[PDB]
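Trainee: What would the 3D arrangement of this be:
(one chain, ligands or ions: 3)
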Amino acid sequence: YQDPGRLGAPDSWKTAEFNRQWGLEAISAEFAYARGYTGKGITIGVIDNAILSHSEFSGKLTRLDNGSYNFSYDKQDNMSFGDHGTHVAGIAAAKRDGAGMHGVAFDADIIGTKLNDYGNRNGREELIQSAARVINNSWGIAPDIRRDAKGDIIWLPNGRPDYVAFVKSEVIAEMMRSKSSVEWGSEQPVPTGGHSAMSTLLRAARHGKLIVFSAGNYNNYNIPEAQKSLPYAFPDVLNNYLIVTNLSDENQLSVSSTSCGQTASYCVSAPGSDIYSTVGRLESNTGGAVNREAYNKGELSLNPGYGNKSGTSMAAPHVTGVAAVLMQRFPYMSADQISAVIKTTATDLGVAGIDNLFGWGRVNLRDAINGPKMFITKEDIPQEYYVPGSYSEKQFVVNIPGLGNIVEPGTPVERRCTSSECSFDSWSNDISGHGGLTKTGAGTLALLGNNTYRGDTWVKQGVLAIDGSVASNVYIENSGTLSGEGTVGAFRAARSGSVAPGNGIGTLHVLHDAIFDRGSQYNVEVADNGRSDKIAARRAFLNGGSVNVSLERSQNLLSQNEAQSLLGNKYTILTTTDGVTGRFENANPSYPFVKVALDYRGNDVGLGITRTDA
Ligand SMILES: [Ca+2]
Ligand SMILES: [Ca+2]
Ligand SMILES: [Ca+2]
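Mentor: Residues are numbered from 1 along each chain as shown. Ligands and ions are numbered 1, 2, ... in the order given. Here you go:
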């Protein structure tokens, strides 16, 4: 297969294979592909029916099971293959090989475990200890169906069973009653046979995995069950849970879909109606019965193919695929941070903001790959949907570790950061919300959006380059650097914190105060004819700090020859409208016959390359 997909060309990816699965276009998967993001090097876990050995998974599927496929029998032993797992796995990670359809994360690998009939190898603790980054759970418990006085199923005019509605207060009460036992269960390794589903998924979430669940197919008046309300008991894992509703098209829930309801603050919507994916079918070779007697006499074949299916079970793996693609885009992010990107970049549907039908809205890879749109705290969640104890962290802690460095050390998802996004990344999306940002790691993060997040910005390590704007106060600590040609609210550079305006020679704009503490660094680039770095601030407090002068993009302070070639040049390196208070400690470099000199003109600070009082 010669793939016509090309970097920079989203329409090049819209091939016949691509177009056979309408959900891909609906989540804008082609925009991720065009930027090189396919889920390559990412492992997805599936808990469902045993996935069929299918061409679409050849070389990329590991099963951890008791070595049999899942089969359902009726009263007369008519045998059928459970092709649910195969269908789910295909939506997330079928090969892009020019045949049939392909997954959202078409370069991702798959580890599959059996939901049911697992014997004494359920593979759960193995899955938890694997490098599987995200686990798809396209399963759950059905509520009662409403029955007539005879005991027959009452059907709604829409063709669906009249399911009884779960009640918010009752599902949350059931979860709260399970809390102490589920907490205990989650701390031990998962037994290989009988086991607690709730303890298993809590343990996986606490081992750094993203847990993705189908909302259920129990009608729009319905809400998710107690299992899917586990974050109410364990709000520490809310950011590692995503509940997924079923969209019949880009804007509308399937008539069968369960609503987000009480899970709305950790819920998104994805395509789930008439999804074309991988299946298997148990078939008679002799045009005879498909039953156990025939299976045993070798009369049957289990054949791979494709088929349509509908349900939140088909929506969930779109989000699992989206998560794997984003873990290649943002290899330094933890699962809770990948979750934040998926939630805050979803296209808002229905009632404005987070709502009981669509939650955060339709997952959108085109927006997701440009970074998060919100640093979420409790104050960003409508009270109706707020899970008590959730979103209590003020800071989004972004670790850009630098190429060759380990992230999530001591966890099953521990990995080396080996892509270019690990030394330099940029987020172009506008970031709002009440949270703040903490930049750590030796690498560089550039922010290009018009950011309104209310929290403080802490640069603890490496470079934060502001090219758009932040309304936030910035604190630059030891080994950190504030850079860029954009705007910040205010900054305070501490001992061994640096400010380096521009991308090379440029101006950093500060809406309020620029503060330099003792031992802070101001790295000024200069060129010919009074062109230099500058801070344009409302007001400045210089409690000390060193001004360090170099030529543009030079790794060293001015040499003696460079300084002498600039002798007599004057520069403006700091302007205020309301005044400069105090002075820098010193200005480097300084030589016997040429030095950098600082000139304090009341509202501005000048810099000269001057003689040494001679
Ligand atoms: Ca394919
Ligand atoms: Ca909405
Ligand atoms: Ca500069």
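Trainee: List the residues that contact residue 14.
Mentor: Contacts were defined as C-beta atoms under 8 Å, 6 or more residues apart in numbering; by that measure residue 14 touches 25, 30. In this view, the C-beta of every residue, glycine as well, is placed from N, C-alpha and C.
Trainee: residues from the stretch 251-400 of the chain in reach of ligand 2?
Mentor: Applying the criterion C-beta under 5 Å from the ion, the portion of the stretch 251-400 of the chain that neighbours ligand 2 consists of 348, 350, 355.
Trainee: which residues touch the first one?
Mentor: The neighbourhood of residue 348, defined by C-beta under 8 Å, 6+ apart, consists of 358, 360-361.
Trainee: Pretty sure residue 246 sits against residue 309.
Mentor: No: proximity of residue 246 to residue 309 does not meet the contact threshold set by C-beta atoms under 8 Å, at 10.8 Å.
Trainee: In terms of neighbours, single out the busier of those two.
Mentor: Neighbour totals were compared for residue 246 and residue 309, and residue 246 leads with 28 against 19 (other C-beta atoms under 10 Å).
Trainee: ranges for the helices of the stretch 51-200 of the chain?
Mentor: Using DSSP state H, counting those that start in this stretch, the helices of the stretch 51-200 of the chain run over 84-93, 124-129, 168-187, 197-206.
Trainee: For the closest residue to ligand 3 within the stretch 51-200 of the chain, grab the count of nearby residues.
Mentor: Ranking the residues of the stretch 51-200 of the chain by distance to ligand 3 (C-beta to the ion) places residue 133 first, at 37.9 Å. Neighbouring residues of residue 133 were enumerated by other C-beta under 10 Å; the total is 26.
Trainee: Identify the residues contacting it.
Mentor: Under the criterion of C-beta under 8 Å, 6+ apart, the neighbours of residue 133 are 42-44, 209-210, 323-324, 327, 335, 413.
Trainee: could these go into a markdown table alongside secondary structure and neighbour count?
Mentor: Shown next, in a markdown table, are the contacts of residue 133 (DSSP: H, G, I helix; E, B strand; the rest coil; neighbours: other C-beta atoms under 10 Å):
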| residue | secondary structure | neighbour count |
| --- | --- | --- |
| 42 | coil | 24 |
| 43 | strand | 21 |
| 44 | strand | 30 |
| 209 | coil | 24 |
| 210 | strand | 30 |
| 323 | helix | 30 |
| 324 | helix | 30 |
| 327 | helix | 27 |
| 335 | helix | 25 |
| 413 | coil | 19 |
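Trainee: on that earlier part again, ok, and which of the helices of the stretch 51-200 of the chain has the densest surroundings?
Mentor: Most buried of the helices of the stretch 51-200 of the chain by mean neighbour count (mean count of other C-beta atoms under 10 Å) is helix 84-93; its value is a mean of 30.
Trainee: Remind me what it packs against, helices and strands.
Mentor: For helix 84-93, the contact count by 3 or more C-beta pairs under 8 Å, 6 or more residues apart in numbering; DSSP states H and E identifies strand 43-48, strand 109-114, strand 275-284, strand 300-309, helix 312-329 as packing neighbours.
Trainee: That one vs strand 43-48, what angle?
Mentor: When axes from the mean of the first three to the mean of the last three C-alpha atoms, to 10 degrees is applied, the directions of helix 84-93 and strand 43-48 differ by 160 degrees.
Trainee: Now do helix 84-93 against strand 275-284, angle only.
Mentor: For helix 84-93 against strand 275-284, the angle by the same axes, to 10 degrees is 150 degrees.
Trainee: what's the angle between helix 84-93 and strand 109-114?
Mentor: With the same axes, to 10 degrees as the basis, helix 84-93 and strand 109-114 are set at 160 degrees to each other.
Trainee: buried sites along stretch 144-153?
Mentor: By neighbour count with 16 or more other C-beta atoms under 10 Å, stretch 144-153 contains no buried residues.
Trainee: Also stretch 70-82?
Mentor: 70-71, 79, 81-82.
Trainee: quick revisit: out of the contacts of residue 348, which one sits closest to ligand 3?
Mentor: Taking those together and measuring to ligand 3 by C-beta to the ion, the closest member is residue 360, at 38.5 Å.
Trainee: Quick check: bridge partners of the closest residue to residue 508 other than its chain neighbours?
Mentor: Nearest-residue entry for residue 508: residue 501, 3.8 Å, with adjacent residues in sequence omitted and distances by C-beta to C-beta, 6 or more residues apart in numbering. According to DSSP bridges, residue 484 are recorded as the beta-bridge partners of residue 501.
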